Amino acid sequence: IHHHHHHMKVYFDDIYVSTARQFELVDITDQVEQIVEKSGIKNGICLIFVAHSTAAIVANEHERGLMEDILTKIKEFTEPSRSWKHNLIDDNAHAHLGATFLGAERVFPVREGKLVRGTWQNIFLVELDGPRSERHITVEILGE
């Protein structure tokens, strides 16, 4: 269809991650960026979303010490060793709590063809209940 008016483009792609540890941060920034480039959309938004209740999406600086701090703080906050009521059923209440607070998604601007983000703003999958063989991240670009 040869459009003649500005119109909404929506482009989807998917990133899969296998996680090795119970708590893990996995940098997905370059994969998200490649999908933004692949979309051909110049101006819009990029939604990065996990359909998982024991993982999350965050954005911060890729420095190995900090990554350890992030996971240490998440662990302290969620209390994996606590007798949460959900642990009667499962053993991952802490993971659900972390994900609930952190959120399943982050939204970035896409501008003049580029993901808008800081020099030290990388995108991470936050695993709180690994190892998992398949964490699925949806990447959606929406715009012109």
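Position 1 is the first residue in the sequence shown; the rest follow in order.
Two stretches are in play, 121-129 and 19-27, and the higher mean C-alpha B-factor belongs to 19-27. Once the C-alpha B-factors are averaged per stretch, 135-143 and 1-9 rank with 1-9 first. Highest C-alpha temperature factor among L97, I57, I89, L66 per the entry: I89. Per the PDB record, residue ranking by Cα B-factor puts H52 in the middle third of the chain. In the deposited entry, the Cα temperature factor of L115 places it in the highest third of its chain's modelled residues. Ranked by Cα temperature factor within the chain, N43 sits in the lowest third according to the deposited record.
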